[PDB]
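Contents: one structure, followed by commentary.
Labels A, B, C, D and E are assigned to the chains in the order they are written; within every chain, residues are numbered from 1.
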Amino acid sequence: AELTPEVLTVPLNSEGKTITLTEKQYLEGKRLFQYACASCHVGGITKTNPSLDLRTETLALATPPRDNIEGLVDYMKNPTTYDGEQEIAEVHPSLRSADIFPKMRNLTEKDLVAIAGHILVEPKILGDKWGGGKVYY
Amino acid sequence: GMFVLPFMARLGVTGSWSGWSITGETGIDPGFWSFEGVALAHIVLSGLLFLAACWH
Amino acid sequence: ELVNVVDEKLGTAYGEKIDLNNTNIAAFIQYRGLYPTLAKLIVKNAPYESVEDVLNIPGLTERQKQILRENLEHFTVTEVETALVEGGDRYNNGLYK
Amino acid sequence: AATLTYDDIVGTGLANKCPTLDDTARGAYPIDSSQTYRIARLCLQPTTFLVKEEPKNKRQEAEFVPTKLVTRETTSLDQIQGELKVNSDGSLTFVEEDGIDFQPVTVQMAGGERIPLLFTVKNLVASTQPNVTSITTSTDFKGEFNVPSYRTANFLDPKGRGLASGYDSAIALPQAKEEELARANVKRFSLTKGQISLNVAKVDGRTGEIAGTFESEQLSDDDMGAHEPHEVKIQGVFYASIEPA
Amino acid sequence: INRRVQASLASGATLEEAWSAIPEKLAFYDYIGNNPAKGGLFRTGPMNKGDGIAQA
């Protein structure tokens, strides 16, 4: 098995558009995810709220939808609760809250895309392991 | 089938460290000389006598 | 006659749908728009005689009422089960991942 | 008094005691029945736990007997709040809403038997006599409360059996006949009622603070249906601050 | 056992008849309590002492 261009092709928006990430993009997203996110989201779960994971199916049912690049990038700028009802930048890392979450300062649009790409590609590789927790280790 | 208990009781040992008495009282404090303290005293005595035997 | 009441309840609609009177709050993550805001209002205002009674929670916005209507089909009500609602278990039932 | 800080209190045992009022507080706190009220803090400090002995006959006067607390200074109920309604007959009814309204407690009977109980006033509704135009040292509250299972539904026994989790059989005895073990294998969740009296001994009419003695009756732990509970009588002191809501 | 049952079904037996034609002796070998690798070093005595005396 390989990390093919097909594996690296993910939804850009809600409207059927896709983007094909490069191998470099994927690997940078992984590095950045580790750097900025994995302290809470290691392996696709969420340590400070295990009820919400990063599985693609879970992301698809968030409001607004988060199962695409643009939705994830918006989340990293202006995070909300799962119903979209409250903005949570004060307690979740975001560009809007990079003052209080300093590992978000100087993330570029490309960096956010790369992280988003990681989040969508990883379950395509790992299956249920992504967002599965210890059951699937 | 109690054989030594009644001897302890005849002479005034009626309580346990656990809080009961053979008259059916509760929350009683027998001091050291409960049934248990008498038993421990006998065991310690036994030991001391054993050691004195060795010396003699 | 000795019965495990949780196992018994799995044979009711509690085993098939979100029971507004019993089910732990995380279940509301299954469908779009229910968690956390509506989820909290539902659990706080339980129990309900019928699923449609969820529409009457004081203070719901017009949008919230629409969202509840879209999801009535995924809800049920059964009798309150003490074992499922004590301990604050509807807010945290000891299951994480 | 020199208003105590956490560092003044920590480790002294004072944290498990209810506030007290001194001897000057034999006043009357006026009740204006157009006004709504609240209890801002209700505190219950148990000083004795009595357990009803389970005699052979049946019928005889079975007495409540003294016990020794083995779980240390962890017994008090506090930070309890709720509505204080003024009823049409001039009685008051306290409806408990929230607070630290339970404590697990283990007391030991003479001979060693340990009696765990969920000492509680969960969902207390307690009322005065009619015509309480002022709360005085004649006032009292009587009411009832809920007493849920001492262990909640996830609790697993030493062989891993539970109600909401766990095995449903005795797995170490794979070919044992199941009928004899049903009471142990099938966990049950108790919910019973208790009764409490609050006797007001002291009232500060300026501040709305009251204190007194209480006696509560409730069942002990039944170990998720494995054995019969015991009846328990809890006696102690209480404190409450009343405020217009 | 499955082979015998299938041969019976294929000869027109009902399911009741097919399974009723299996000898109890054959069925009892297909039970793990007769497996010699299910015991214990200090679990003493006959197999009957654990699961019981098989009746039917």
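The rule is short, and it goes like this: a contact is a pair of C-beta atoms (placed from the backbone, for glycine too) under 8 Å apart; a residue touches a chain by one contact, two chains touch by 3 or more.
Q: For the chain pairs D-E and B-D, which is connected through the larger number of C-beta pairs in contact?
A: Between the chain pairs B-D and D-E, B-D carries more contacts.
Q: Just give me the whole-number Å value for how far the CA centre of chain B lies from that of chain C.
A: Their C-alpha centroids are separated by 63 Å.
Q: Between chain D and chain E, what distance separates the C-alpha centroids? Give it in angstrom.
A: The computed centroid separation for chain D versus chain E comes out at 57 Å.
Q: Based only on mean CA positions, could you tell me how far chain A sits from chain C in angstrom?
A: Computed value for the inter-centroid distance: 29 Å.
Q: Which positions in chain D are in touch with at least two other chains?
A: In chain D, nothing touches at least two other chains.
Q: If each protein chain is taken as a node and each touching pair as an edge, is the resulting graph a line, ring, star, complete or other?
A: Drawn as a graph, the chains match no named shape, so other.
Q: All pairs of touching chains?
A: A-C, B-D, C-D, D-E
Q: Can you tell me which positions in chain A touch chain C when the two form their complex?
A: Against chain C, chain A makes touches at 45, 50-53, 58, 61-63, 81-86, 132-135.
Q: Contact residues on chain D for chain B in the complex?
A: Touching chain B: residues 65-66, 68, 109-112 of chain D.
Q: Can you list the residues on chain C that touch chain D in the complex?
A: Of all residues in chain C, those touching chain D are 2-7, 82-84, 86-87, 89, 93-94.
Q: What residues on chain D touch chain E, complex-wise?
A: Residue positions touching the partner: 175.
Q: For chain D, which residues are in contact with chain C within the complex?
A: Per the stated touch rule, the residues are 148-149, 152-154, 163-165, 168, 182-183, 186-189, 191, 225.
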